[PDB]
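*Asks:* Please find one structure pasted underneath; my questions will follow.
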Amino acid sequence: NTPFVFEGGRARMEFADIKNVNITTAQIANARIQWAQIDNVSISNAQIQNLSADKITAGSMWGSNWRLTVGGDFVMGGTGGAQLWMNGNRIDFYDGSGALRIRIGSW
Amino acid sequence: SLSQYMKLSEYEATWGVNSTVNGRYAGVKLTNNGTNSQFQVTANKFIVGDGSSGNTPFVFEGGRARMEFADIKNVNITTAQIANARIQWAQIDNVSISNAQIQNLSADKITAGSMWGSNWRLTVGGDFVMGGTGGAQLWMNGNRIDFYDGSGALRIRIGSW
Amino acid sequence: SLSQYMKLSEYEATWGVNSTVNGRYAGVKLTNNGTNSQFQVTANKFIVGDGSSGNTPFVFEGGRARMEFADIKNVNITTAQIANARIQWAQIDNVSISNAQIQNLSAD
């Protein structure tokens, strides 16, 4: 095996153990990390067990039984298929048949 | 031995180079004790130059392996300092981040100071404020839900008056 | 003929010092076939020791490039296992995270 191959300007390595790496550009297919400190990130998909954040700018939000739309509709589901639909004009309570039972706000 | 007190011994085909000048040891000791072949470069600077451009795109210097490019299938790292990092699949046990831009965030628990959509905000104080059509605004917290109209006039209050 | 080692054929200059002890091919084979030169260290341990302290702060051992420090301008990696990682800019197609602490989190 050639588990170090410096070829064509590229240090190919099958394994490495680096105590202290500076990197200018990484292209990492898989990355387990115990303690990161990231000044800026873009991410396509995250799966975070315990997120903490000082400010969250969110487009849409979705839980198992609620959603906050990009438009600002906070919709929560209820027992029996009931639904609170809330936005900056009104709170609507729908029942499990989809019938509006209470409106509070702009009619 | 047509080499310098290094030649090749039986047990250790010691291609030493062992440049000893002013008590600085340099070498290339290809030892092979037949169990561990050790190619010990001893140098303040190990270089791989490319055989084409005289670029030195591997330079180990002063304890530091400098690389112009690398292709590492597996890397343990104790400390990274990465200026730019594209990553296809991360698994991060702990992270601090100063700015994030996440297309699809899933999370089991979100501790949050303030939260801000295009037409809503949940403040650090616990005021959830949604904007509405015409500049209307539902402002709610654990004391009340207030509906303001497009002129900022309170139209409905529910909770503490 | 070269005892401690070498071989210039018209088509390949093999600077191959092939330390073959106990069937461990140690070597360093600088081939040059005039199209590709290859400096093949073959070693259980390619060490770069500093010529100063006898520290070995590059040690290619057992298929693993051990590095006390490194400065890599452009690393492709297939699998990282990073104990601590400061990163100034990242672009992460997928991530699982156990704990995050994010000062400003934009998300679609």
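If you're wondering about the labels, chains in the structure tokens are A, B, ... by order shown, residues count from 1 in each chain, ligands from 1 in order shown.
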Determine, using only C-alpha atoms, which residues of chain C have any atom at most 6 Å from an atom of chain A, and tabulate each with its shortest atom pair and distance in Å to one decimal place, rows ordered by chain and then rising number, as CSV.

*Replies:*
residue,atom,partner,partner_atom,distance
C:63,CA,A:3,CA,5.3
C:64,CA,A:15,CA,4.3
C:65,CA,A:16,CA,4.0
C:66,CA,A:17,CA,4.3
C:67,CA,A:18,CA,4.4
C:68,CA,A:19,CA,4.9
C:69,CA,A:20,CA,4.5
C:70,CA,A:21,CA,4.5
C:71,CA,A:22,CA,4.6
C:72,CA,A:23,CA,4.6
C:73,CA,A:24,CA,4.4
C:74,CA,A:25,CA,4.7
C:75,CA,A:26,CA,4.8
C:76,CA,A:27,CA,4.5
C:77,CA,A:28,CA,4.4
C:78,CA,A:29,CA,4.7
C:79,CA,A:30,CA,4.5
C:80,CA,A:31,CA,4.3
C:81,CA,A:32,CA,4.7
C:82,CA,A:33,CA,4.5
C:83,CA,A:34,CA,4.6
C:84,CA,A:35,CA,4.6
C:85,CA,A:36,CA,4.4
C:86,CA,A:37,CA,4.4
C:87,CA,A:38,CA,4.5
C:88,CA,A:39,CA,4.6
C:89,CA,A:40,CA,4.6
C:90,CA,A:41,CA,4.3
C:91,CA,A:42,CA,4.7
C:92,CA,A:43,CA,4.4
C:93,CA,A:44,CA,4.6
C:94,CA,A:45,CA,4.6
C:95,CA,A:46,CA,4.7
C:96,CA,A:47,CA,4.5
C:97,CA,A:48,CA,4.4
C:98,CA,A:49,CA,4.8
C:99,CA,A:50,CA,4.6
C:100,CA,A:51,CA,4.5
C:101,CA,A:52,CA,4.6
C:102,CA,A:53,CA,4.4
C:103,CA,A:54,CA,4.7
C:104,CA,A:55,CA,4.8
C:105,CA,A:56,CA,4.5
C:106,CA,A:57,CA,4.3
C:107,CA,A:58,CA,4.9
C:108,CA,A:59,CA,4.4

*Asks:* Compile the residues of chain B that lie within 6 Å of chain A, evaluated using only C-alpha atoms, and express the compilation as number ranges by chain.

*Replies:* B: 57, 69-117, 119-120, 130-132, 136-138

*Asks:* For CA of residue 14 in chain B and CA of residue 26 in chain C, quote the distance in Å rounded to one decimal.

*Replies:*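 Taking CA of residue 14 in chain B and CA of residue 26 in chain C, their separation equals 10.1 Å.
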
*Asks:* Find the distance between CA of residue 55 in chain B and CA of residue 67 in chain B and write it in Å to one decimal.

*Replies:*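 These two atoms are separated by 10.8 Å.
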
*Asks:* What's around residue 93 in chain A at 9 Å? Count only C-alpha atoms, leave out sequence neighbours fewer than 3 positions away in its own chain, and write the answer as a PyMOL selection string.

*Replies:* chain A and resi 82-86+99-104

*Asks:* Only C-alpha atoms, please: the residues just picked out, written as a CSV table (one decimal), in the first residue's frame.

*Replies:*
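As a result, out23.csv now contains:
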chain,number,residue,atom,x,y,z
A,82,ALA,CA,-57.9,20.2,16.4
A,83,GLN,CA,-55.6,23.1,15.2
A,84,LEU,CA,-54.7,26.5,16.5
A,85,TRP,CA,-53.7,28.7,13.4
A,86,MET,CA,-52.1,32.0,14.5
A,99,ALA,CA,-64.4,23.8,11.3
A,100,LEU,CA,-63.4,27.3,12.7
A,101,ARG,CA,-64.6,27.3,16.3
A,102,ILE,CA,-63.0,30.5,17.6
A,103,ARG,CA,-61.4,33.5,15.8
A,104,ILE,CA,-59.6,36.3,17.6

*Asks:* Measuring atom to atom with only C-alpha atoms, identify which of B:152, B:18, B:65, B:49 is nearest to chain C.

*Replies:*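 Using only C-alpha atoms, chain C sits closest to B:65.
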